[PDB]
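Input: a single structure, listed below in structure tokens.
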Amino acid sequence: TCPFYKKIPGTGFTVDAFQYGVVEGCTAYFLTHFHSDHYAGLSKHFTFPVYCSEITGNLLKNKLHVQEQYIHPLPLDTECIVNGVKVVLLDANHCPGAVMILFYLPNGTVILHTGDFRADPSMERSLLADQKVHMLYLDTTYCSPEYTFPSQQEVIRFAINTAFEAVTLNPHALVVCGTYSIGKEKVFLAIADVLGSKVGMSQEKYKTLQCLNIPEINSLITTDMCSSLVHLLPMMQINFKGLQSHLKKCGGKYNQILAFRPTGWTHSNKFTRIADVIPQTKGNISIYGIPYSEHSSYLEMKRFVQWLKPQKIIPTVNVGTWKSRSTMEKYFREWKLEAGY
Ligand code: NI
């Protein structure tokens, strides 16, 4: 049955609640972003109104074959009305098309649902600055002080330099980058760009990125693997057997793979700086795990909340265990008491 944290009180609204059939008393279904845990249950046969971003809308039409008359895409940073309730979509700095949702209830309460997000100081100059928030439905994915990671910028700087070095030293080396859902595109595109190559991929994944409105995307991506020296594969294939397999398929066009697994966090971040990362190697294959997160770090999260000073916080992630819930409520109390709200 739909959990309480996916229901917006005093509205007929749900957020990311498509896996519970017809939810009792839901007149409108919100979808923050196109990841499987959140869209789980959508299909062509869905006949309720879905509200989402333009990009998330394109992917619902094309990838899931949802009928067009049920997709209500909304522009960002714009006051819209839905079943007589004022709403706004803000950029979540997650994956493409991903949004946070502000709800202005008729009684005067104001609710921010972050969806999935990576908190940034640039959010403190959106429509969020203008007014108070009573409730915050917070993506608490890395809600613990051990979760630290570098900026997306430094991680990219690392990947670029690394990849440029390897391929200048060996022109017959192939770069491979792992993917399983939309998001993390800057990794593979920045590497392609610095190498003067396009990114080769499967047709299904080429179709997916074509939905997103990237600038000059046709310039960046392709389905001709032969003409490319940056390949994308499923994340599952990023291991020594998978990569040896794929190397075989390229027919003596390459003799070496360098490969990246963009993960969220790894316990190597507790001990090791980004400059100090090294790969796993077996034969002519090297695999780098890099900490490119699309979620808030502990510190970014804490700052975001202390800036916003919400009256109540409802966690949306890691809620399934009593020790987790409890550890989060402790940090929430620290953040409140430190900041004096
Ligand atoms: Ni997500």
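The numbers here are math on the coordinates, done by the rules we state, and not lab data. Note that we place each Cβ from the backbone using ideal geometry, even for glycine, and neighbour counts take in every protein chain shown.
Against the chain, whose longest principal axis comes from its Cα atoms, helix 185-194 is set at around 30 degrees. Centre-to-centre, using Cα atoms only, region 134-149 and region 50-107 are separated by 23 Å. Taking the charge dipole of the chain about its Cα centre, with +1 at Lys and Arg Cβ atoms and -1 at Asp and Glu Cβ atoms, the residue from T56, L174, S219 reaching farthest to the positive side is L174. Would you work out which of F30, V88, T109 lies farthest towards the positive end of the dipole of region 22-112? Charges go on Cβ: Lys and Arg +1, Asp and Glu -1. Result: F30, furthest along the dipole toward the positive end. Computed from Cα atoms, the angle from the helix 152-169 axis to the main principal axis of the chain rounds to 10 degrees. From Cα pairs below 8 angstrom and at least 6 apart in sequence, can you work out the relative contact order of region 148-295, rounded to a whole percent? The value is 32 percent.
Per residue, the chain reaches -8000 deg cm²/dmol at 222 nm when only DSSP H runs of four or more residues are counted, each adding -39500 (n - 2.57).
To the nearest 20 Debye, how big is the dipole of region 148-295 about its Cα centre, given +1 on the beta carbon of each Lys and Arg and -1 on that of each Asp and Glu?
About 440 debye.
The order of the peptides 313-324, 145-156 by mean Cβ neighbours within 10 Å, most packed first, is 145-156, 313-324.
For region 244-261, the residues whose backbone nitrogen is under 19 Å from a point 7 Å from the Cα of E165, taken along Cα to Cβ, are 256-261.
Counting only DSSP beta bridges whose two residues both lie in region 198-341, roughly 20 percent are antiparallel. For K186, the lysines whose Cα comes closer than 24 Å to its Cα, not counting residues fewer than 8 places off in the same chain, are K63, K198, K205, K207.
Counting pairs of alpha carbon atoms under 8 Å apart in space and at least six apart in sequence, what relative contact order in percent does the chain give?
Across the chain, relative contact order equals 17 percent.
With a sphere of radius 10 Å drawn around the Cβ of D116, what net charge do the other residues whose Cβ falls strictly inside it have (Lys, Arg +1; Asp, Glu -1)? That sum, taken over residues with Cβ under 10 Å, equals -3. In a simple Cβ point-charge model (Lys, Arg +1; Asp, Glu -1; nothing else charged), the chain has a dipole of about 800 debye relative to its Cα centre. Each peptide in 171-183, 15-27, 80-92 receives the mean, over its residues, of other Cβ atoms within 10 Å, and ordering these scores from highest gives 171-183, 80-92, 15-27. Compute the helix-to-body angle for 240-249: its Cα long axis versus the longest principal axis of the chain, expressed 0 to 90° and rounded to tens. Roughly 60 degrees, rounded to the nearest 10.
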